[PDB]
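1. PDB entry and its sequence, pasted below:
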Number of protein chains: 6
Amino acid sequence: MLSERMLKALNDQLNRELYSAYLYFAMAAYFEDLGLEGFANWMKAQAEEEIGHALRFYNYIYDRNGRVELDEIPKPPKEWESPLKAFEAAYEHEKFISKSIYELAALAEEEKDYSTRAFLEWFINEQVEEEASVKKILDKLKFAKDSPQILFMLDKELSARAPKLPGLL
Amino acid sequence: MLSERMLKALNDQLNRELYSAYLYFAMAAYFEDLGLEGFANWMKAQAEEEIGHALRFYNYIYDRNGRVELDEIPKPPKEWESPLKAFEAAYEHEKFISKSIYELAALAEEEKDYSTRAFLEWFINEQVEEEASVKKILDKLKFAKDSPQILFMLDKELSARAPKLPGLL
Amino acid sequence: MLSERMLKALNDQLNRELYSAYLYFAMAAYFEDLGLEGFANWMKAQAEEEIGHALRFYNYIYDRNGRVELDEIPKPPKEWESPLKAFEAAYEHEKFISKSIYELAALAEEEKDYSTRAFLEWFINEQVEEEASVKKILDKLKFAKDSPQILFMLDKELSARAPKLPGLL
Amino acid sequence: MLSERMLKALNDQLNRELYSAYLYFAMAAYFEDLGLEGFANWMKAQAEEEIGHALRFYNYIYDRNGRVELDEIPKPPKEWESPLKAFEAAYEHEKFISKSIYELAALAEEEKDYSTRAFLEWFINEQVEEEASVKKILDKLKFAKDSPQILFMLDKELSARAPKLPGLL
Amino acid sequence: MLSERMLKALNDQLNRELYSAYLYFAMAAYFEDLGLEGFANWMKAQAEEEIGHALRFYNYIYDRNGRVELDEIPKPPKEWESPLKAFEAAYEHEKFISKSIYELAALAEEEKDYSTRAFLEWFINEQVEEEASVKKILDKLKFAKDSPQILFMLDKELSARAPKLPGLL
Amino acid sequence: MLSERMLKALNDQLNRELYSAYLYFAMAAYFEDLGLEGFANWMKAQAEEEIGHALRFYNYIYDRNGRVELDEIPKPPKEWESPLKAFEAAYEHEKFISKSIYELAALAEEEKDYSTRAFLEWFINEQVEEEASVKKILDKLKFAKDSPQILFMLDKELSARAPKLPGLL
């Protein structure tokens, strides 16, 4: 069974994995205002990955006989100054998610909860792919700041990641 | 182009189609606490339909050269008294969504916006299927109030509706 | 929910879509008395389309939580003077059905019933095909009034429309 | 050729095979008001069998060089007290159809009409299947009068008989 | 039947859907003078869509028993100052077509013509795709005004839309 | 390169190959008023052949580094006295097209333009098929002037030529 301090902190992180998806849906509503429908299709596909991260804390709380509480999801930022700053704010956010998985994992070792630190092993290994898949694109945008020719070619090459959920809906 | 009173009211309804999906995810977190994993798989599949409803207001605002603003999604109710009251509160919610589509459609006729009232024709025809797909199950639960044998058989027959997004995630 | 004046008028039109099928079955009993078994197979296939029109008012009343009342279907006319007058009386009947769909659609706009006027949109678009599929054949019979050679060739070309229900029964 | 007393009595029975189908469509409008959409899909499929019975008297009158006259189809009963009494009134009706086939068959032997008594041999052999397919379900409802668990399981097992005409319309 | 004021206004719009196709054939004769054979293959494929729009007013007038009158198609503009101004003049033209569909749809509601306003529902839903498929390309040309590298890459990516009629002719 | 007198005369003939298609679309709007939907489907398929003739002068002017100018297409005749006179006016028109190809071909030999007279060799060989495909049908209508039985059988046999563009649009 989950203790009161670990069930509350797994519920706070399930709220952060849904505010993540409600932030990558406020960036896709920003890039598709600029006409960058390959950046916007990159961000929507990341807002469906992050829903799949919150259905893993959800299925873990009901495997360990807990109870999921849903709080309010706050207002995400609307606009950024440039498509560079919209990825420096998505990479600063992925270092805020990982900072809070490491304080879940340092919480499960204090309470001697071996079946939770075994579960956070998936999210520690997967945030290494999340920080690097954004730092790749963030370094292609510092490679082209006053060059619309390259930004036109980043829109197309990132359009290979298309969301699969509108194909079902 | 969308007027200021119609772009604001299409943005308020995109917030209601995402609070819908954040309400059917607070019912799936209720039925899966009772051990009713067929009611909980019904509700998660409805929380992925309602995300697909908010990606239609989203793609309409960027077809009509607007701008999507995302507000905060409030706290949904946690627990209900019974699995009957958890569907009387999902049917009262589907009569609140439809009350606000009819005040979008009575707004687009006041502003003489023929390309928006043509778009809400999909959501008027589809809320007739949403109010009836809940009133079917709500009438099977008033048919069995002190009968766990039938509630055990509603859990299995509603488990045919499984969410397709965990199969991709 | 359907109001008392709209549930009564949807029930009157479900009685007209079954008297339609009981009129095209009194024309098929007329053309097959003259030996015109291609005109008679045209009319029986229209009496199975019109049953399919009354199973759409029927499924709409039980989607909107109503109650279908069945009145008596009156006696259709037995004989007409010619196979021309048996289509001038089927085209005058298809202008009587459409006159009553337009008084359902002008009733749903008076009561501000957006989910019924959305439903009658199918029957407004489909009576345009019904008035034209009879006016085609009615204009081929004014093209041949004292010519049995052409009436022998309208019997065969209209025999391509065969009823599918005797193939199952 | 058909005599005047046998053409009139074959036309009266073609009116009873269409009031049959307009009675099983007033029971399907009753069971689908109670939410029993497997009883209602049983009754609609019987209202398409009984139309196929009246297209056999119809094709026999035009094989024997007669003339089909269509009278008015009266008002069927609207509601019954229970789903038991809605099958005791469909079994009392199938003993009224068979009572009138036996008075057609005792009419064709009085007029020495061997080609009509040969034709009613199909309807005598088929009403034995009609009285027994209703007495099966009528005896499953006297087996469960104060048991909604079994009535919930008769709704599903009778839903295997689905009408084929809405699949074409 | 179509009234004299609605048959005249449906005939004026069939003349505008053929002057549309005779304008997108004067832009394809402009882009293929500049050597932009991907812009020119985009415009020819739009001049075959707009012929398909005038064969829908044509088939509607002969479903409603009218008469199509063909007036003269005026001289389209020959040259524009740039490939930007050749899309600002095709987007100003698609806001002139839609302004005249909305004055057909506001004409069919004044004459209480429900079967014409039901037909213009296709053209209201489809001009939303026409104004947006031009505003996409018009915003890619304001993204590159003094950049021939990007205009060379818009010629190729718009060459995926090839006209199907020279493949048959 | 094309001279000024040959570029102007190739542009005048591209205007005649589009007024041809706007004449066979005023005959299809005449035959489909008489209910002759096989004559009307013959004429629409000829109005798509003649568009394919004007896309050959168009692709030749941009192979020879010219410039296509589009003038106005005048009003075609609305009605003729009979379906005989609607083919005597389409055969008199096909002798007016061929009279002007022969004055293009006698113009390219005066200017010693061997690459244009080589191109008009296709249109000289193809107008022999156009004058004969109309003179076949024109001689079947002088074979039946007071015979609606044969005119009913010319409508069906000419309906094998169906336009392929509405199948794509």
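-> The structure has been received and is ready for your questions. Numbering: from 1, shown residues only, chains lettered A, B, ... in the order given.
2. CA atoms for contacts and neighbours, from now on please.
-> Noted.
3. okay, and whatever residue of chain A ends up closest to chain E sits in which element?
-> Nearest residue of chain A to chain E, counting by CA to the nearest CA: residue A:149, 6.2 Å away. Element membership of residue A:149 [criterion: DSSP states H and E] is helix A:148-157.
4. what's that helix packed up against?
-> helix E:148-157 (3 or more CA pairs under 8 Å, 6 or more residues apart in numbering or on different chains; DSSP states H and E).
5. tell me the angle the helix it packs on makes with helix A:148-157.
-> Relative orientation of helix E:148-157 and helix A:148-157, computed by axes from the mean of the first three to the mean of the last three CA atoms, to 10 degrees: 30 degrees.
6. quick revisit: show the contacting residues for the residue of chain A closest to chain E.
-> Residues in contact with residue A:149 (CA atoms under 8 Å, 6 or more residues apart in numbering or on different chains) are E:149-150.
7. now residue A:28
-> By CA under 8 Å, 6+ apart, the neighbours of residue A:28 are A:39-44.
8. can you rerun that using 7 Å?
-> Residues in contact with residue A:28, defined by CA atoms under 7 Å, 6 or more residues apart in numbering or on different chains, are A:40, A:43-44.
9. can you report how many residues lie near the closest residue to chain C within chain A?
-> Nearest residue of chain A to chain C (CA to the nearest CA) works out as residue A:169 at 21.9 Å. The local packing of residue A:169 (other CA atoms under 10 Å in any protein chain shown) involves 13 other residues.
10. what ranges do the helices span in chain A?
-> A:4-21, A:24-31, A:39-61, A:85-108, A:114-117, A:120-141, A:148-157 (DSSP state H).
11. number of residues surrounding residue A:4?
-> 9.
12. name the residues linked to residue A:73 by a beta bridge.
-> Note on residue A:73: beta-bridge partners residue B:73, judged by DSSP bridges.
13. residues touching it, list them.
-> A:19, B:72-74.
14. that one and residue A:94, how far apart?
-> 17 Å (CA to CA, to the nearest Å).
15. got the angle between the helix holding residue A:149 and helix A:120-141?
-> 150 degrees.
16. rewinding a little: any idea how far residue E:146 is from the residue of chain A closest to chain E?
-> Counting by CA to CA, the gap from residue A:149 to residue E:146 is 11 Å.
17. now do residue A:68
-> For residue A:68 relative to residue E:146 (CA to CA), the value is 56 Å.
18. pick out whichever of those two has more residues nearby.
-> residue A:68 (27 against 10).
19. I figured that one hits residue A:11, correct?
-> Yes - counting by CA atoms under 7 Å, residue A:68 does reach residue A:11; the two are 6.2 Å apart.
20. picking that back up, the residue of chain A closest to chain C against residue B:54, yeah?
-> No - assessed by CA under 7 Å, residue A:169 is found out of contact with residue B:54, at 10.8 Å.
21. isn't residue A:74 right up against residue B:72?
-> Yes - using CA under 7 Å, residue A:74 makes contact with residue B:72 at a distance of 4.3 Å.
22. overlap in contacts of those two?
-> Between them, residue A:74 and residue B:72 share no contacting residue, judged by CA under 7 Å, 6+ apart.
23. put the buried members of the contacts of residue A:73 into a ChimeraX selection.
-> ChimeraX command restricting these to the buried ones, with burial defined by 16 or more other CA atoms under 10 Å in any protein chain shown:
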select /A:19 /B:73
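24. the closest residue to chain F within chain A: neighbouring residues, count only.
-> Here chain A gets closest to chain F at one residue, residue A:167, 24.1 Å apart by CA to the nearest CA. Neighbourhood size, residue A:167 [other CA under 10 Å]: 8.
25. and what of residue A:143?
-> Residues near residue A:143, counting by other CA under 10 Å: 12.
26. residue A:81 now?
-> The tally of other residues near residue A:81 (other CA under 10 Å) stands at 7.
27. before we move on, what about residue A:24?
-> If we define neighbours as other CA under 10 Å, then residue A:24 has 24 of them.
28. deepest of the helices of chain A, which one?
-> helix A:24-31 (a mean of 24; mean count of other CA atoms under 10 Å in any protein chain shown).
29. how far off centre is it?
-> 13 Å (CA atoms, centre = their mean, to the nearest Å).
30. I figured residue A:141 hits residue A:82, correct?
-> No - using CA under 7 Å, residue A:141 makes no contact with residue A:82, being 10.2 Å away.
31. pull up the residues of chain A that are close to chain B.
-> Neighbours of chain B within chain A, by CA under 7 Å from any CA of the partner chain: A:26, A:29, A:33, A:49, A:52, A:67-76, A:78, A:166, A:169.
32. about what we covered before: can you tell me which of the contacts of residue A:28 is nearest chain B?
-> Closest to chain B, out of all of the contacts of residue A:28 and judged by CA to the nearest CA, is residue A:44, at 10.0 Å.
33. dump the residue contacts of the closest one.
-> A:24-25, A:28, A:163.
34. roughly how far apart are the spatially closest residue to residue A:169 that is not a sequence neighbour and residue D:86?
-> For residue A:169, ignoring the flanking residues on the chain, the nearest one in space by CA to CA, 6 or more residues apart in numbering or on different chains is residue B:52 at 5.6 Å. Going from residue B:52 to residue D:86 by CA to CA gives 43 Å.
35. for the nearest residue to residue A:7 once chain neighbours are set aside, give its distance to residue E:85.
-> Spatial nearest neighbour of residue A:7, chain neighbours left out: residue A:66 (6.9 Å); criterion: CA to CA, 6+ apart. Residue A:66 sits 63 Å away from residue E:85, taking CA to CA as the criterion.
36. likewise residue A:69?
-> 56 Å.
37. cool, and residue A:94?
-> From residue A:94 to residue E:85 the distance is 44 Å (CA to CA).
38. quick one, what contacts residue A:47?
-> A:21-22, A:24-25.
39. looking at these, which is nearest residue E:59?
-> Taking CA to CA as the measure, residue E:59 sits nearest to residue A:25 out of the contacts of residue A:47, at 43.9 Å.
40. how far out from the middle of the chain is stretch A:130-140?
-> Using CA atoms, centre = their mean, the offset of stretch A:130-140 from its chain centre is 13 Å.
41. go on, stretch A:84-91?
-> That offset, for stretch A:84-91, works out to 12 Å (CA atoms, centre = their mean).
42. could you export it as CSV, CA atoms only?
-> Extracted in CSV, the C-alpha atoms of stretch A:84-91 (Å, rounded to 0.1, in the frame of the first residue of the first chain):
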residue,chain,number,x,y,z
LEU,A,84,13.5,29.7,-30.2
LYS,A,85,12.1,30.8,-26.9
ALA,A,86,9.2,28.4,-27.3
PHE,A,87,11.7,25.5,-27.1
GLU,A,88,13.9,27.1,-24.4
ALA,A,89,10.7,27.1,-22.4
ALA,A,90,9.9,23.5,-23.3
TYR,A,91,13.4,22.4,-22.3
